[PDB]
$ cat structure.csv   # CSV, C-alpha atoms and all ligand atoms
chain,number,residue,atom,x,y,z
A,70,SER,CA,0.0,0.0,0.0
A,71,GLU,CA,2.5,2.6,1.2
A,72,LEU,CA,6.0,3.1,-0.3
A,73,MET,CA,9.4,1.8,0.8
A,74,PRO,CA,12.3,3.8,2.1
A,75,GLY,CA,13.7,5.1,0.0
A,76,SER,CA,11.9,4.1,-3.2
A,77,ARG,CA,9.5,6.2,-5.1
A,78,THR,CA,8.0,3.1,-6.8
A,79,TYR,CA,8.2,-0.1,-4.7
A,80,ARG,CA,5.5,-0.5,-2.0
A,81,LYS,CA,5.3,-2.4,1.3
A,82,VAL,CA,3.6,-5.4,-0.5
A,83,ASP,CA,3.4,-8.4,1.8
A,84,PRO,CA,5.0,-11.8,1.0
A,85,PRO,CA,2.7,-14.1,-1.0
A,86,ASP,CA,0.1,-16.3,0.7
A,87,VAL,CA,-1.0,-19.7,-0.7
A,88,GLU,CA,-3.2,-18.2,-3.4
A,89,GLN,CA,-0.7,-15.5,-4.7
A,90,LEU,CA,2.2,-18.0,-4.8
A,91,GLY,CA,-0.1,-20.8,-6.2
A,92,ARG,CA,-1.5,-19.0,-9.3
A,93,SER,CA,2.0,-17.6,-9.9
A,94,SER,CA,3.6,-21.1,-9.8
A,95,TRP,CA,0.8,-22.6,-12.0
A,96,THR,CA,1.2,-19.8,-14.6
A,97,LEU,CA,4.9,-20.7,-14.8
A,98,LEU,CA,4.5,-24.5,-14.8
A,99,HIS,CA,1.8,-24.3,-17.5
A,100,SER,CA,3.8,-21.7,-19.6
A,101,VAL,CA,6.9,-24.0,-19.5
A,102,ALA,CA,4.7,-26.8,-20.8
A,103,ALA,CA,3.4,-24.6,-23.6
A,104,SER,CA,7.0,-23.7,-24.7
A,105,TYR,CA,8.1,-27.3,-24.6
A,106,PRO,CA,8.9,-28.8,-28.1
A,107,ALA,CA,6.7,-31.3,-29.9
A,108,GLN,CA,9.8,-33.5,-30.3
A,109,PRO,CA,12.1,-32.8,-27.3
A,110,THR,CA,15.7,-33.8,-27.2
A,111,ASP,CA,17.1,-36.2,-24.6
A,112,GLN,CA,18.6,-33.3,-22.7
A,113,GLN,CA,15.2,-31.4,-22.7
A,114,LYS,CA,13.4,-34.6,-21.6
A,115,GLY,CA,16.0,-35.1,-18.8
A,116,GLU,CA,15.9,-31.5,-17.6
A,117,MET,CA,12.1,-31.5,-17.6
A,118,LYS,CA,12.1,-34.5,-15.3
A,119,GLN,CA,14.8,-32.9,-13.1
A,120,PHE,CA,13.1,-29.5,-12.9
A,121,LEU,CA,9.9,-31.1,-11.6
A,122,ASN,CA,11.8,-33.4,-9.2
A,123,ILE,CA,13.7,-30.4,-7.8
A,124,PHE,CA,10.4,-28.3,-7.8
A,125,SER,CA,8.8,-30.8,-5.4
A,126,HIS,CA,11.7,-30.5,-3.1
A,127,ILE,CA,11.9,-26.7,-2.8
A,128,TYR,CA,8.4,-25.4,-3.2
A,129,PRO,CA,7.8,-22.7,-0.5
A,130,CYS,CA,4.9,-24.6,1.1
A,131,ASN,CA,6.5,-27.7,2.6
A,132,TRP,CA,3.8,-30.4,2.6
A,133,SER,CA,2.3,-29.2,-0.6
A,134,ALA,CA,5.8,-29.9,-1.9
A,135,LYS,CA,5.6,-33.4,-0.3
A,136,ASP,CA,2.1,-33.9,-1.8
A,137,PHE,CA,3.5,-33.0,-5.2
A,138,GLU,CA,6.5,-35.3,-4.8
A,139,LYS,CA,4.2,-38.1,-3.7
A,140,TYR,CA,2.1,-37.3,-6.7
A,141,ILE,CA,5.1,-37.6,-9.0
A,142,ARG,CA,5.9,-41.1,-7.7
A,143,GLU,CA,2.3,-42.3,-8.0
A,144,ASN,CA,1.9,-40.5,-11.4
A,145,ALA,CA,5.1,-40.3,-13.4
A,146,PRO,CA,5.4,-37.2,-15.7
A,147,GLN,CA,5.0,-37.8,-19.4
A,148,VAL,CA,7.8,-35.7,-21.0
A,149,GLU,CA,7.8,-37.3,-24.5
A,150,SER,CA,5.9,-34.3,-26.1
A,151,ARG,CA,4.4,-30.9,-25.3
A,152,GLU,CA,0.9,-32.4,-25.7
A,153,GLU,CA,1.8,-35.0,-23.0
A,154,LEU,CA,3.6,-32.7,-20.6
A,155,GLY,CA,0.7,-30.1,-20.9
A,156,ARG,CA,-2.0,-32.7,-20.4
A,157,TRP,CA,0.0,-34.1,-17.5
A,158,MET,CA,0.4,-30.6,-16.0
A,159,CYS,CA,-3.4,-30.1,-16.3
A,160,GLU,CA,-4.2,-33.5,-14.7
A,161,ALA,CA,-1.7,-32.7,-11.9
A,162,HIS,CA,-3.4,-29.3,-11.4
A,163,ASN,CA,-6.9,-31.0,-11.5
A,164,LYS,CA,-6.0,-33.0,-8.3
A,165,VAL,CA,-5.2,-29.9,-6.3
A,166,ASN,CA,-8.6,-28.5,-7.5
A,167,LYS,CA,-10.3,-31.7,-6.3
A,168,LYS,CA,-8.6,-31.2,-2.9
A,169,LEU,CA,-9.8,-27.6,-2.6
A,170,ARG,CA,-13.3,-28.4,-4.0
A,171,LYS,CA,-12.5,-26.3,-7.1
A,172,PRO,CA,-14.1,-27.4,-10.4
A,173,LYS,CA,-12.3,-29.7,-12.8
A,174,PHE,CA,-10.5,-27.9,-15.7
A,175,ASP,CA,-11.1,-29.4,-19.1
A,176,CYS,CA,-7.7,-30.4,-20.3
A,177,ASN,CA,-8.9,-30.3,-23.9
A,178,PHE,CA,-8.6,-26.5,-23.5
A,179,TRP,CA,-5.2,-26.3,-21.8
A,180,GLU,CA,-3.4,-25.3,-25.0
A,181,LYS,CA,-5.8,-22.4,-25.5
A,182,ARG,CA,-5.7,-21.2,-21.9
A,183,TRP,CA,-1.8,-21.4,-21.8
A,184,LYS,CA,-0.5,-21.1,-25.4
A,185,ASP,CA,-2.9,-20.1,-28.2
A,186,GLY,CA,-5.7,-17.9,-26.9
A,187,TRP,CA,-9.3,-18.1,-28.1
A,188,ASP,CA,-9.4,-16.6,-31.6
B,14,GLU,CA,-3.1,-21.1,18.5
B,15,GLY,CA,-6.2,-22.0,16.4
B,16,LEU,CA,-6.3,-25.4,14.7
B,17,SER,CA,-9.2,-24.6,12.4
B,18,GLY,CA,-10.9,-21.4,11.6
B,19,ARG,CA,-12.7,-19.8,8.6
B,20,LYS,CA,-13.0,-23.3,7.1
B,21,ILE,CA,-9.3,-24.0,6.4
B,22,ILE,CA,-6.5,-25.8,8.2
B,23,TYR,CA,-3.6,-23.8,9.8
B,24,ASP,CA,0.1,-24.9,9.3
B,25,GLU,CA,2.5,-23.7,11.9
B,26,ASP,CA,6.2,-23.7,11.1
B,27,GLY,CA,8.0,-23.0,14.4
B,28,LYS,CA,4.7,-21.2,15.1
B,29,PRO,CA,3.0,-18.7,12.7
B,30,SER,CA,3.8,-19.9,9.1
B,31,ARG,CA,3.1,-17.8,5.9
B,32,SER,CA,3.3,-19.6,2.6
B,33,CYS,CA,0.9,-22.4,3.4
B,34,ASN,CA,-1.9,-20.2,4.8
B,35,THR,CA,-4.2,-17.6,3.2
B,36,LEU,CA,-3.8,-13.9,3.8
B,37,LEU,CA,-7.1,-13.4,5.7
B,38,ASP,CA,-6.4,-16.4,7.9
B,39,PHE,CA,-2.8,-15.3,8.6
B,40,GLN,CA,-3.9,-12.0,10.0
B,41,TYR,CA,-6.5,-14.0,12.1
B,42,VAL,CA,-3.7,-16.0,13.8
B,43,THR,CA,-1.1,-13.2,14.3
B,44,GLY,CA,-3.9,-11.1,15.7
B,45,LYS,CA,-4.8,-13.9,18.1
B,46,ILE,CA,-1.3,-13.8,19.5
B,47,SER,CA,-1.9,-10.2,20.9
B,71,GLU,CA,-17.6,-15.2,-20.4
B,72,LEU,CA,-17.0,-18.9,-19.6
B,73,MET,CA,-15.0,-21.8,-21.0
B,74,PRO,CA,-17.2,-24.5,-22.7
B,75,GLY,CA,-18.1,-27.4,-20.4
B,76,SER,CA,-17.6,-25.4,-17.2
B,77,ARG,CA,-19.7,-22.7,-15.7
B,78,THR,CA,-16.7,-21.9,-13.4
B,79,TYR,CA,-13.8,-21.0,-15.7
B,80,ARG,CA,-13.7,-17.9,-17.9
B,81,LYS,CA,-11.8,-18.0,-21.2
B,82,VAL,CA,-8.5,-16.4,-20.3
B,83,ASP,CA,-5.8,-15.4,-22.8
B,84,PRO,CA,-2.3,-16.8,-22.0
B,85,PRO,CA,0.0,-14.6,-19.9
B,86,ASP,CA,2.2,-11.9,-21.6
B,87,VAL,CA,5.9,-11.2,-21.0
B,88,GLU,CA,5.0,-8.9,-18.1
B,89,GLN,CA,2.5,-11.3,-16.4
B,90,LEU,CA,4.8,-14.4,-16.8
B,91,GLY,CA,7.8,-12.3,-15.7
B,92,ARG,CA,6.3,-11.1,-12.3
B,93,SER,CA,4.8,-14.5,-11.8
B,94,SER,CA,8.2,-16.1,-12.2
B,95,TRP,CA,9.8,-13.6,-9.8
B,96,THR,CA,7.4,-14.2,-7.0
B,97,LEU,CA,8.2,-17.9,-7.1
B,98,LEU,CA,12.0,-17.4,-7.4
B,99,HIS,CA,12.2,-15.0,-4.4
B,100,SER,CA,9.9,-17.2,-2.4
B,101,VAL,CA,12.3,-20.1,-3.2
B,102,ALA,CA,15.1,-17.9,-1.8
B,103,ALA,CA,12.9,-17.1,1.2
B,104,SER,CA,12.3,-20.8,2.0
B,105,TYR,CA,16.0,-21.6,1.5
B,106,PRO,CA,17.7,-22.7,4.8
B,107,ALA,CA,20.4,-20.7,6.6
B,108,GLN,CA,22.6,-23.7,6.6
B,109,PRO,CA,21.5,-25.9,3.6
B,110,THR,CA,22.6,-29.5,3.0
B,111,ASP,CA,25.0,-30.1,0.1
B,112,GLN,CA,22.1,-31.7,-1.8
B,113,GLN,CA,20.1,-28.4,-1.6
B,114,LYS,CA,23.0,-26.4,-2.8
B,115,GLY,CA,23.5,-28.6,-5.9
B,116,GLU,CA,19.8,-28.9,-6.6
B,117,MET,CA,19.3,-25.1,-6.3
B,118,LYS,CA,22.2,-24.6,-8.8
B,119,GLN,CA,20.6,-27.1,-11.3
B,120,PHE,CA,17.2,-25.5,-10.7
B,121,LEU,CA,18.5,-22.1,-11.9
B,122,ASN,CA,20.3,-23.6,-14.9
B,123,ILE,CA,17.3,-25.7,-16.1
B,124,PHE,CA,15.2,-22.5,-15.5
B,125,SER,CA,17.6,-20.5,-17.7
B,126,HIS,CA,17.0,-23.1,-20.5
B,127,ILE,CA,13.3,-23.7,-20.3
B,128,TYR,CA,12.2,-20.2,-19.5
B,129,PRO,CA,9.3,-19.5,-22.0
B,130,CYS,CA,10.7,-16.2,-23.4
B,131,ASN,CA,13.7,-17.5,-25.3
B,132,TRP,CA,15.4,-14.1,-25.9
B,133,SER,CA,15.1,-13.3,-22.2
B,134,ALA,CA,16.2,-16.9,-21.1
B,135,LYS,CA,19.4,-16.6,-23.2
B,136,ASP,CA,20.3,-13.4,-21.4
B,137,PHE,CA,19.6,-14.8,-18.0
B,138,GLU,CA,21.7,-17.9,-18.8
B,139,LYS,CA,24.6,-15.5,-19.8
B,140,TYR,CA,24.1,-13.7,-16.4
B,141,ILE,CA,24.6,-17.0,-14.5
B,142,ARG,CA,27.8,-17.7,-16.6
B,143,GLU,CA,29.2,-14.3,-15.6
B,144,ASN,CA,27.7,-14.1,-12.1
B,145,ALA,CA,27.6,-17.6,-10.6
B,146,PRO,CA,24.7,-18.1,-8.1
B,147,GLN,CA,25.7,-17.8,-4.4
B,148,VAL,CA,23.9,-20.7,-2.8
B,149,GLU,CA,25.9,-21.2,0.4
B,150,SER,CA,23.2,-19.5,2.5
B,151,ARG,CA,19.7,-17.9,2.3
B,152,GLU,CA,21.5,-14.6,3.0
B,153,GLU,CA,23.7,-15.3,0.0
B,154,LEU,CA,20.9,-16.5,-2.3
B,155,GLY,CA,18.4,-13.7,-1.6
B,156,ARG,CA,21.1,-11.1,-2.1
B,157,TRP,CA,22.1,-12.9,-5.4
B,158,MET,CA,18.5,-13.1,-6.6
B,159,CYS,CA,17.8,-9.4,-5.8
B,160,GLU,CA,20.9,-8.4,-7.8
B,161,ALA,CA,19.8,-10.6,-10.7
B,162,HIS,CA,16.3,-9.1,-10.6
B,163,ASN,CA,18.0,-5.7,-10.4
B,164,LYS,CA,20.0,-6.3,-13.6
B,165,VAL,CA,16.7,-6.9,-15.5
B,166,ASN,CA,15.3,-3.8,-13.7
B,167,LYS,CA,18.1,-1.7,-15.2
B,168,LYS,CA,17.6,-3.3,-18.7
B,169,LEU,CA,13.9,-2.4,-18.5
B,170,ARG,CA,14.6,1.1,-17.0
B,171,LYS,CA,12.7,0.3,-13.8
B,172,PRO,CA,13.9,1.6,-10.5
B,173,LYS,CA,16.7,-0.2,-8.7
B,174,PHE,CA,15.2,-2.3,-5.8
B,175,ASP,CA,17.0,-2.1,-2.4
B,176,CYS,CA,18.3,-5.6,-1.6
B,177,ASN,CA,18.5,-4.8,2.1
B,178,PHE,CA,14.7,-5.1,2.1
B,179,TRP,CA,14.3,-8.4,0.2
B,180,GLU,CA,13.5,-10.4,3.4
B,181,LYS,CA,10.8,-7.9,4.3
B,182,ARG,CA,9.2,-8.1,0.9
B,183,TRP,CA,9.4,-11.9,0.4
B,184,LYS,CA,9.9,-13.7,3.7
B,185,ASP,CA,8.9,-12.0,7.0
B,186,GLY,CA,6.7,-9.1,6.2
B,187,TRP,CA,6.7,-5.6,7.5
B,188,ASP,CA,6.2,-6.1,11.2
A,201,LIG,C1,2.3,-27.6,-6.6
A,201,LIG,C2,1.3,-26.8,-5.9
A,201,LIG,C3,0.7,-27.4,-4.8
A,201,LIG,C4,-0.3,-26.7,-4.1
A,201,LIG,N1,-0.9,-27.2,-3.0
A,201,LIG,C5,-1.9,-26.5,-2.3
A,201,LIG,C6,-2.5,-27.1,-1.1
A,201,LIG,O1,-2.1,-28.2,-0.8
A,201,LIG,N2,-3.4,-26.4,-0.4
A,201,LIG,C7,-3.8,-25.2,-0.8
A,201,LIG,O2,-4.7,-24.6,-0.2
A,201,LIG,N3,-3.2,-24.6,-1.9
A,201,LIG,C8,-2.3,-25.3,-2.7
A,201,LIG,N4,-1.7,-24.7,-3.8
A,201,LIG,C9,-2.3,-23.4,-4.4
A,201,LIG,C10,-3.6,-23.7,-5.2
A,201,LIG,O3,-3.4,-24.8,-6.0
A,201,LIG,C11,-4.1,-22.5,-6.0
A,201,LIG,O4,-3.0,-22.1,-6.9
A,201,LIG,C12,-4.5,-21.3,-5.2
A,201,LIG,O5,-5.5,-21.7,-4.3
A,201,LIG,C13,-5.1,-20.2,-6.1
A,201,LIG,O6,-6.1,-20.7,-6.9
A,201,LIG,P1,-6.9,-19.8,-7.9
A,201,LIG,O7,-8.4,-20.0,-7.7
A,201,LIG,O8,-6.5,-18.4,-7.9
A,201,LIG,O9,-6.6,-20.4,-9.4
A,201,LIG,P2,-5.4,-21.5,-9.7
A,201,LIG,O10,-5.8,-22.9,-9.2
A,201,LIG,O11,-4.1,-21.1,-9.1
A,201,LIG,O12,-5.3,-21.5,-11.3
A,201,LIG,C14,-5.1,-20.3,-12.0
A,201,LIG,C15,-5.7,-20.3,-13.4
A,201,LIG,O13,-5.2,-21.5,-14.1
A,201,LIG,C16,-6.3,-22.1,-14.8
A,201,LIG,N5,-6.3,-23.6,-14.4
A,201,LIG,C17,-6.8,-24.1,-13.2
A,201,LIG,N6,-6.6,-25.4,-13.2
A,201,LIG,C18,-6.1,-25.8,-14.4
A,201,LIG,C19,-5.7,-27.0,-14.9
A,201,LIG,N7,-6.2,-28.1,-14.4
A,201,LIG,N8,-5.1,-27.0,-16.2
A,201,LIG,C20,-4.9,-25.9,-16.9
A,201,LIG,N9,-5.3,-24.7,-16.4
A,201,LIG,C21,-5.8,-24.6,-15.1
A,201,LIG,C22,-7.6,-21.5,-14.4
A,201,LIG,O14,-8.1,-20.8,-15.6
A,201,LIG,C23,-7.3,-20.5,-13.3
A,201,LIG,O15,-7.8,-19.2,-13.6
A,201,LIG,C24,-0.7,-25.4,-4.5
A,201,LIG,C25,-0.1,-24.8,-5.6
A,201,LIG,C26,0.9,-25.5,-6.3
A,201,LIG,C27,1.5,-24.9,-7.5
A,202,LIG,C1,14.6,-14.6,-15.1
A,202,LIG,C2,13.7,-13.6,-15.8
A,202,LIG,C3,14.3,-12.9,-16.8
A,202,LIG,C4,13.5,-11.9,-17.4
A,202,LIG,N1,14.1,-11.2,-18.5
A,202,LIG,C5,13.4,-10.2,-19.1
A,202,LIG,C6,13.9,-9.4,-20.2
A,202,LIG,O1,15.1,-9.7,-20.5
A,202,LIG,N2,13.2,-8.5,-20.8
A,202,LIG,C7,11.9,-8.2,-20.4
A,202,LIG,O2,11.3,-7.3,-20.9
A,202,LIG,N3,11.3,-8.9,-19.3
A,202,LIG,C8,12.1,-9.9,-18.7
A,202,LIG,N4,11.5,-10.6,-17.6
A,202,LIG,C9,10.2,-10.1,-17.0
A,202,LIG,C10,10.5,-8.8,-16.2
A,202,LIG,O3,11.6,-9.0,-15.3
A,202,LIG,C11,9.3,-8.4,-15.3
A,202,LIG,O4,8.9,-9.5,-14.4
A,202,LIG,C12,8.1,-7.9,-16.0
A,202,LIG,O5,8.4,-6.8,-16.9
A,202,LIG,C13,7.0,-7.3,-15.0
A,202,LIG,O6,7.5,-6.2,-14.3
A,202,LIG,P1,6.7,-5.6,-13.1
A,202,LIG,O7,7.2,-4.2,-12.8
A,202,LIG,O8,5.2,-5.6,-13.3
A,202,LIG,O9,7.1,-6.5,-11.8
A,202,LIG,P2,8.5,-7.2,-11.5
A,202,LIG,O10,9.6,-6.3,-12.2
A,202,LIG,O11,8.6,-8.6,-12.0
A,202,LIG,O12,8.7,-7.2,-9.9
A,202,LIG,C14,7.7,-7.8,-9.2
A,202,LIG,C15,7.8,-7.4,-7.7
A,202,LIG,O13,9.0,-7.9,-7.1
A,202,LIG,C16,9.6,-6.9,-6.3
A,202,LIG,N5,11.0,-6.6,-6.8
A,202,LIG,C17,11.4,-5.8,-7.9
A,202,LIG,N6,12.7,-5.9,-8.0
A,202,LIG,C18,13.2,-6.7,-7.1
A,202,LIG,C19,14.5,-7.1,-6.7
A,202,LIG,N7,15.5,-6.5,-7.4
A,202,LIG,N8,14.7,-8.0,-5.7
A,202,LIG,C20,13.7,-8.5,-5.0
A,202,LIG,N9,12.4,-8.1,-5.3
A,202,LIG,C21,12.1,-7.2,-6.3
A,202,LIG,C22,8.8,-5.6,-6.4
A,202,LIG,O14,8.1,-5.5,-5.1
A,202,LIG,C23,7.8,-5.9,-7.5
A,202,LIG,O15,6.5,-5.4,-7.2
A,202,LIG,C24,12.2,-11.6,-17.0
A,202,LIG,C25,11.7,-12.3,-15.9
A,202,LIG,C26,12.4,-13.3,-15.3
A,202,LIG,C27,11.8,-14.1,-14.2
$ encode --input "structure.csv" --output "structure tokens"
Amino acid sequence: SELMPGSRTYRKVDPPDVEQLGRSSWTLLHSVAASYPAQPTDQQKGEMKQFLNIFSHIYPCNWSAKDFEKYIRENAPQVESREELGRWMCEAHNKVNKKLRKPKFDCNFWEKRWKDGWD
Amino acid sequence: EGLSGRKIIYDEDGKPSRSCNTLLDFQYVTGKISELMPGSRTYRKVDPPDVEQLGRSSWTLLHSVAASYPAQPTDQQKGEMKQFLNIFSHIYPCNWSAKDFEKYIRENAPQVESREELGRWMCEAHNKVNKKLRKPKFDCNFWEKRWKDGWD
């Protein structure tokens, strides 16, 4: 709300809660999926697996990071194509929605929501 | 300390916690110390995030990652953090920006020995983009207040 000393721009905005961090993490995760190649190289396939493994270790919320890691074991990420990684990212997201009684996102429209837009 | 209130479950760190609890509920505890997408009525059709939206959404995570970082991290956490930033610099959606950030890591290696080192590094990295975009230079001495603790 009110400014920092001694900035004439940056304000005393509080550290993110679950919701502010959540939608910010989802927008990155889904945007990474959208930028993923149709035919990824072995290095890209390896790093995508790594990034998500590390992600589940360091996520700011601790047992949400555990829940995500446990999800990765029970549901291995498909990194063979953008379409698979994106659909997997949507299905991974859909589980958190189910836990929060938020409606299911139609994964048929993940590529519009995160890559293409709607005409 | 309240276990349940306002419908949701409270996570407690040493005591207060921040990242795992909603804003309205966090105040509640610290105060106690004294058109639509087809097939769904719920989700509006939303255009994908632009450079600016993705950018600031990536920063809030990256600094929150620095905020959660331990004071004395294990050797695994140091190496994983290093990889995390490298992989990030490759797979960051904006290619022309990702290549720049990758070059920054080459020239200015991440200091991951402590949270104090990492937040200071992250702030400087953010500040380099700040100068490139002609935004004001953020005071790193206040990164903890902005991203970790709050403003008392
Ligand atoms: C890994 C992870 C674990 C989390 N765990 C918890 C937790 O345990 N408890 C908790 O309270 N919060 C948790 N969160 C935060 C939570 O998931 C939400 O992000 C937060 O509650 C804010 O939700 P929102 O209503 O603003 O929209 P969000 O759920 O953040 O989604 C933002 C936008 O993305 C789109 N979207 C939603 N679902 C999908 C999907 N299936 N596929 C494609 N697009 C979609 C929608 O259009 C929506 O507008 C977690 C977040 C992450 C990233
Ligand atoms: C790795 C990376 C590289 C990027 N490269 C480019 C690029 O090359 N060109 C481009 O146009 N865009 C780039 N972006 C996006 C750009 O940095 C901004 O995020 C975007 O322009 C939105 O700016 P903003 O002013 O709305 O918020 P941001 O500049 O993203 O800042 C968000 C919040 O963080 C806080 N903050 C600001 N500076 C610091 C700091 N130094 N340390 C700690 N906290 C701070 C402030 O409170 C601010 O409200 C990049 C993003 C990332 C994550």
$ closest_residue --input "structure.csv" --among "B:138, B:111, B:38, B:25" --to "ligand LIG 202 (chain A)" --atoms "only C-alpha atoms and all ligand atoms"
B:138
$ interface_residues --input "structure.csv" --of "chain B" --to "chain A" --cutoff "7 Å" --atoms "only C-alpha atoms" --output "list in words"
residues 31, 32, 33, 34, 35, 36, 78, 81, 82, 83, 84, 90, 93, 94, 96, 97, 100, 101, 104, 116, 120, 123, 127, 128, 129, 182, 183, 184 and 186 of chain B
$ residues_near_ligand --input "structure.csv" --ligand "ligand LIG 202 (chain A)" --cutoff "7 Å" --atoms "only C-alpha atoms and all ligand atoms" --output "count of residues only"
34
$ atom_distance --input "structure.csv" --atom1 "CA of residue 15 in chain B" --atom2 "atom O2 of ligand LIG 201 (chain A)"
16.9 Å
$ closest_residue --input "structure.csv" --among "A:118, A:71, A:166, A:161" --to "residue 144 in chain A" --atoms "all atoms listed in the file"
A:161
$ atom_distance --input "structure.csv" --atom1 "atom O12 of ligand LIG 201 (chain A)" --atom2 "CA of residue 162 in chain A"
8.0 Å
$ atom_distance --input "structure.csv" --atom1 "CA of residue 155 in chain A" --atom2 "atom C8 of ligand LIG 201 (chain A)"
19.1 Å
$ closest_residue --input "structure.csv" --among "A:141, A:134, A:148, A:107" --to "ligand LIG 201 (chain A)" --atoms "only C-alpha atoms and all ligand atoms"
A:134
$ closest_residue --input "structure.csv" --among "A:143, A:137, A:72, A:177" --to "ligand LIG 201 (chain A)" --atoms "only C-alpha atoms and all ligand atoms"
A:137
$ closest_residue --input "structure.csv" --among "A:112, A:150, A:145, A:138" --to "ligand LIG 201 (chain A)" --atoms "all atoms listed in the file"
A:138
$ closest_residue --input "structure.csv" --among "B:107, B:130, B:26, B:72" --to "residue 86 in chain B" --atoms "all atoms listed in the file"
B:130
$ build_atoms --input "structure.csv" --residues "range 136-150 of chain A" --atoms "N, CA, C and O atoms" --output "CSV table (one decimal), in the frame of the given file"
chain,number,residue,atom,x,y,z
A,136,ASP,N,3.3,-33.4,-1.1
A,136,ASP,CA,2.1,-33.9,-1.8
A,136,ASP,C,2.4,-34.0,-3.3
A,136,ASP,O,1.9,-34.9,-4.0
A,137,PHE,N,3.2,-33.0,-3.8
A,137,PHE,CA,3.5,-33.0,-5.2
A,137,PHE,C,4.6,-34.0,-5.6
A,137,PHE,O,4.5,-34.6,-6.6
A,138,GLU,N,5.5,-34.2,-4.7
A,138,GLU,CA,6.5,-35.3,-4.8
A,138,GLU,C,5.9,-36.7,-4.8
A,138,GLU,O,6.2,-37.5,-5.6
A,139,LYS,N,5.0,-36.9,-3.8
A,139,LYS,CA,4.2,-38.1,-3.7
A,139,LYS,C,3.3,-38.3,-4.9
A,139,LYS,O,3.1,-39.5,-5.3
A,140,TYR,N,2.8,-37.3,-5.5
A,140,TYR,CA,2.1,-37.3,-6.7
A,140,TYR,C,2.9,-37.8,-7.9
A,140,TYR,O,2.5,-38.5,-8.8
A,141,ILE,N,4.2,-37.3,-8.0
A,141,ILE,CA,5.1,-37.6,-9.0
A,141,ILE,C,5.5,-39.1,-9.0
A,141,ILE,O,5.7,-39.7,-10.1
A,142,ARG,N,5.6,-39.7,-7.8
A,142,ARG,CA,5.9,-41.1,-7.7
A,142,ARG,C,4.7,-41.9,-8.2
A,142,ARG,O,4.9,-42.9,-9.0
A,143,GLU,N,3.5,-41.6,-7.7
A,143,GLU,CA,2.3,-42.3,-8.0
A,143,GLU,C,1.8,-42.0,-9.5
A,143,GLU,O,1.2,-42.9,-10.1
A,144,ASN,N,2.2,-40.9,-10.0
A,144,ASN,CA,1.9,-40.5,-11.4
A,144,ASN,C,3.1,-39.9,-12.0
A,144,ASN,O,3.4,-38.7,-11.8
A,145,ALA,N,3.9,-40.7,-12.7
A,145,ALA,CA,5.1,-40.3,-13.4
A,145,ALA,C,4.8,-39.3,-14.5
A,145,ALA,O,3.8,-39.5,-15.3
A,146,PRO,N,5.6,-38.2,-14.6
A,146,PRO,CA,5.4,-37.2,-15.7
A,146,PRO,C,5.7,-37.7,-17.1
A,146,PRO,O,6.8,-38.4,-17.3
A,147,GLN,N,4.8,-37.5,-18.0
A,147,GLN,CA,5.0,-37.8,-19.4
A,147,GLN,C,5.7,-36.7,-20.1
A,147,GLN,O,5.1,-35.6,-20.3
A,148,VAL,N,7.0,-36.8,-20.4
A,148,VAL,CA,7.8,-35.7,-21.0
A,148,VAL,C,8.2,-35.9,-22.5
A,148,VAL,O,9.0,-35.2,-23.0
A,149,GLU,N,7.5,-36.9,-23.1
A,149,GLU,CA,7.8,-37.3,-24.5
A,149,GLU,C,7.4,-36.3,-25.5
A,149,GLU,O,7.9,-36.3,-26.6
A,150,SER,N,6.4,-35.4,-25.2
A,150,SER,CA,5.9,-34.3,-26.1
A,150,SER,C,5.3,-33.2,-25.3
A,150,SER,O,4.8,-33.5,-24.2
